[PDB]
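Down below is the structure, laid out as structure tokens.
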Amino acid sequence: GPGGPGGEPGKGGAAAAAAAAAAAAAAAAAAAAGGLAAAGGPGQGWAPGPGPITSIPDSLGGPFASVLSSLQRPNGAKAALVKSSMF
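Numbering follows the UniProt record's numbering, with no gaps: position 54 of the sequence shown is 281.
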């Protein structure tokens with residue numbers, strides 16, 4: 228036949244994997260000692276297009292984005308990871 232070539236081997240590495248495993252533990256220990264952060268983005272936004280840097284609030288006590296809804300009806304059970312349980 229004509230043949231049947233292929234592609235060079237990808238990039239492997241054990242350290243790259245271990246690094247991720249250890250990194251995870253560190254974050255856990257850091258919080259155990261006291262507390263540093265909660266998530267990679269303190270505030271509400273995720274808006275379309277490029278936006279300004281995440282500047283901390285000026286004695287407001289709320290998320291980055293400013294509330295627009297005047298009358299926000301009462302709602303509950305709105306979370307991605309809800310506290311589950313089992314017998």
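Cβ atoms here follow ideal geometry from the backbone N, Cα and C, with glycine treated the same way.
For residue i, three-class secondary structure by DSSP
| i | result |
| --- | --- |
| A250 | helix |
| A265 | coil |
| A307 | coil |
| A260 | helix |
| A243 | helix |
| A255 | helix |
Cβ-heavy atom distance, residue i to the ligand HEM, below 7 Å
| i | result |
| --- | --- |
| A252 | Summarising the ligand content, the structure contains no ligands, and the ligand HEM is consequently not present. |
Rounded Cβ spacing between residue i and residue j (contact assumed at less than 8 Å)
| i | j | result |
| --- | --- | --- |
| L263 | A257 | 5 Å |
Chain-order list of residues whose beta-carbon lies under 8 Å from that of residue i (same chain, five-residue window excluded)
| i | result |
| --- | --- |
| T281 | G268, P269, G270, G272, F291 |
7 Å Cβ shell around residue i - same chain, five flanking residues per side excluded
| i | result |
| --- | --- |
| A249 | none |
Query raised in the report: Are the stretch 271-281 and the stretch 289-309 touching by the rule of at least three beta carbon pairs closer than 8 Å?
Result: yes
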